[PDB]
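So the sequence shown is residues 22 to 142, counted in the entry's author numbering.
Here the structure comes first, spelled out in structure tokens, and everything after it is commentary.
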Amino acid sequence: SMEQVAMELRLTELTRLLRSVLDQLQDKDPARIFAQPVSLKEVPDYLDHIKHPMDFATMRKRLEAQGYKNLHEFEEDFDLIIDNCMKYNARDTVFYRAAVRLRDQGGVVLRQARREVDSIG
């Protein structure tokens, strides 16, 4: 149908905007601490601690399959990255501190993304 196509174009455009959002958030992680999944070869107990692992490469795969229906879904995944880290790692670690800085810096980007998503519909 024509409606299915229009819906698909909206999803494609959301995907375009989320790709730009994802790029901007990942720039706030210049150490690349959150770029890839935590290695289960190197942290073999990780899944005993963290039930829903997340990372920027895994988000990017979902994004490119147009797997985010709305900004809320994308934000859920970004929040997992931060929140997982802040649980597994102690306050005095470069990992925890990196997550805090990512959260604080990403807040700004996500604030305007929400306005853009609502504005353009």
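For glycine and all other residues, C-beta sits at the position ideal for the given N, C-alpha and C.
Hey, residue i and residue j: beta-carbon distance below 8 Å or not?
i	j	result
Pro51	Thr79	no
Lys49	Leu101	no
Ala111	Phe77	no
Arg40	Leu84	yes
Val138	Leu32	no
Along the alpha helix (DSSP H) that carries residue i, what are the first and last residues, could you check?
i	result
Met80	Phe77 to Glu85
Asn105	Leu92 to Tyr109
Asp113	Element bounds for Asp113: n/a, residue is neither H nor E.
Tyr67	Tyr67 to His70
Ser41	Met23 to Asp48
By a C-beta neighbour count over all protein chains shown, 10 Å radius and 16 as the cutoff for buried, is residue i buried or exposed?
i	result
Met75	buried
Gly127	buried
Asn105	buried
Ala27	exposed
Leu30	exposed
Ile54	buried
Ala120	buried
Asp113	exposed
residue 167	There is simply no residue 167 to check, as the chain begins at 22 and stops at 142 in what is shown.
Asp98	buried
So that I know if they touch, is there some Cβ in chain D lying closer than 8 Å to that of residue i?
i	result
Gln47	Although the question refers to chain D, the structure presented lacks it and comprises just one protein chain.
Quiz item: Does the pairing of the region 134–141 with the region 35–45 give three or more beta-carbon distances under 8 Å?
Solution: Three or more beta-carbon pairs drawn from the region 134–141 and the region 35–45 are found closer than 8 Å, and the two stretches are therefore classed as touching.
Quiz item: Using 8 Å as the threshold, is the region 58–72 in touch with the region 106–115, meaning 3 or more CB pairs across them?
Solution: Yes, the region 58–72 is in contact with the region 106–115.
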